[PDB]
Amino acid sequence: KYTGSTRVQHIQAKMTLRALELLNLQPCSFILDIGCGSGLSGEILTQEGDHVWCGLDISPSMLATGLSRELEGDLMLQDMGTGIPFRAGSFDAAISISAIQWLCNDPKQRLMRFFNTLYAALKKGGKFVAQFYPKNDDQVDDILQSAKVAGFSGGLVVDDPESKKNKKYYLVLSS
């Protein structure tokens, strides 16, 4: 079953804006958008922060849709579980909306490959905020533990945690 595309769009815009609030970046930064889907989050990066960005997604159909949006960022067909294919210290920050739980679909190896290479691809002190939909607490702890081993500090923000409908989880990390 499904949600209206306008409704998914509104929710994703809100989560992207919240992620950006959590990131607290300077304008005109260089940002990696991980699991960018059709580029809705990239649109907001451009407009809200005047940021320049690269978007990564595993899905050809999402990226094709991204092409139709007149985006200013670069879309790339790639698999976050194989690592972040950028040189050391490339990005100011990274953002990810509704995507990283896919890493859990060997998962523990892919999770470490993701966090180790992301740590490397961020400038020193670079930040990463990811909204994600965990299946359970163990999943949350596994992700947090992997980030920790990779060298990230920080923690977790849960908005509207009393709400079973509206509860959202944000990983908030610094390198």
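From 1 onward, residues are counted along the sequence shown.
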> In this entry, is the chain continuous from residue 105 to residue 106, or are deposited residues missing in between (none, 1 to 3, 4 to 9, 10 or more)?
Replying inline: 4 to 9
> Got a sec? Mean C-alpha B-factor, which is higher, 140-148 or 49-57?
Replying inline: 140-148
>> Using only C-alpha atoms and the B-factors in the entry, which stretch averages higher, 68-76 or 92-100?
In response: 68-76
> Based on what the PDB entry reports, which of 130, 31, 40, 111 has the top C-alpha B-factor?
Replying inline: 111
> Sorting the chain's CA B-factors, does residue 18 end up in the lowest, middle or highest third?
Replying inline: lowest
> By its CA B factor, does residue 167 count among the lowest, middle or highest third of the modelled residues in the chain?
Replying inline: middle
> Mind checking which third residue 126 falls in for C-alpha B-factor across the chain?
Replying inline: middle
